[PDB]
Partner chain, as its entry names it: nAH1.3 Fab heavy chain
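The chain below stands alone and is given in structure tokens; this is the form solved without the partner chain.
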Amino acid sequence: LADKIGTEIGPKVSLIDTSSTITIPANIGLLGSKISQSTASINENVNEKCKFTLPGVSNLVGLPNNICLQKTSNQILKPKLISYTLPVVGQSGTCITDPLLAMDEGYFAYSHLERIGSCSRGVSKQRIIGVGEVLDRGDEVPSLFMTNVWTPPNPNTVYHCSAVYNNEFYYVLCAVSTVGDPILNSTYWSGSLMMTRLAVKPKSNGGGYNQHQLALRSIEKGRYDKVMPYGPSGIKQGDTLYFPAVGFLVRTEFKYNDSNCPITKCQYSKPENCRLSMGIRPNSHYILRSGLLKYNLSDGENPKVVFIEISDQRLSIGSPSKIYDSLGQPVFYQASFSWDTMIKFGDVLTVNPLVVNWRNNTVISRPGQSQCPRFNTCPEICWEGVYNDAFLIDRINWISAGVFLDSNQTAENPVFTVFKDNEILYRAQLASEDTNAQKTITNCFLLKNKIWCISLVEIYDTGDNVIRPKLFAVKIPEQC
């Protein structure tokens, strides 16, 4: 029975793999693309040929969409799994790490690095990078729908992608690295990026239309030795993109005033920790300075990726930043990978140069592992923590929303909280109490003047023992 399995079953199951995991979902996605392109074409035909003479899903815009603004203890939030429409669920031997979720005007993005076996030392199997459409299923509930899916030819050399929607296309910027993760092997990183355009409405024979992976022959760095994009989503300002990033500054060039290190209320902290925790290790050659990547499309055929650094007010180490256009003005999440374990997100006062009015929050923090746990403000040398973003869902009352891991050190219990800057209003426990989790990416939008939110929560499944990104469409309720 070696011959039957080797010939009549083996290659046929390989063909069914290739078909029903590559070419059937790509054709259903391209089918939905033709649905939407057709509907846009006939609506343009009606707006031309019926405009007589005489002889959906969109992001948070400035409409007063009323939500619950009063603190309750009742379970008023109802989380909904919508992860089933994606290639989230692999087999039991693959761990799904390094995710992305990036929504703007209804057209998302989604990437993940599928590994083999363990989540850390596994071999990178593939890297889906795929844009799509945020929809509504038959119950007034959003759900994702991938139209265009691309994979790079060398999955070991694509790190830290950032993904911004731009005018019915989708521009995803990553980091080419043959020497490992450029945060880690930073002195030997080649200093090279690559941008891959995708189309959120692909076509039948759109070869150079769908995936035209651009070159980047000019990066405006400045003082910084290397620049890498770092964080899930960004904004567009017309033709100008803003990928979240980090800039590898040589430590001997980094100039910092140690009197600014807030050792006032804390006694176990020198004023020499705030400089040394700017790198991942206090004798590292480079220093992570988060920021943005101004990518204006109006520069011609070969544009320039310009690194904008961040303002030094409430400055810590380079985190996955996430600038997002919410209610008109960009809001800048920037995670807590350092001593400042409170949430560090705020409205953007000006984009170039990047000066972020950081919200003075004291109820939302992230679980750090060893030295810098949840609710630590003492300046200590650590590069610890996880990514737990927050989307601004109300600016009039300064309410935001995201999934946060309610435990001090063990990164567990992901809780969808909706919080003011000094009090958590209400919250939803997405899973069990000891459900170990990681990076959560929350994006919100309007489905028929209702604020829904998609929180990609990497939940460790206790059943088959690997990490899967589970989405959670959670409606922000109006009645309390």
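Positions refer to the first chain, counted from 1.
Going from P55 to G56, you skip over 10 or more residues of the deposited sequence that the entry leaves unmodelled.
Here the subject shifts to the form solved in complex with the partner chain, a form of this protein not shown in this document.
Out of the listed residues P330, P303, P79, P152, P330 is the one that sits within 4.5 Å of the partner chain in the deposited complex by at least one heavy atom. Taking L249, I310, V348, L193 one by one, only a single residue has any non-hydrogen atom within 4.5 Å of the partner chain in the deposited complex, and it is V348. In plain terms, the part of the chain that comes close to the partner chain in the deposited complex, with a heavy atom within 4.5 Å, is 322-330 out of 294-302, 322-330, 164-172, 252-260. Looking at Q237, you'd find a heavy atom of it within 4.5 angstroms of the partner chain in the deposited complex. Contact check for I396: a non-hydrogen atom falls within 4.5 Å of the partner chain in the deposited complex. Taking non-hydrogen atoms only, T377 never approaches the partner chain to within 4.5 angstroms in the deposited complex. Contact check for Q213: every heavy atom lies farther than 4.5 Å from the partner chain in the deposited complex. Looking at 362-386, no residue comes within 4.5 Å of the partner chain in the deposited complex, counting any heavy atom.
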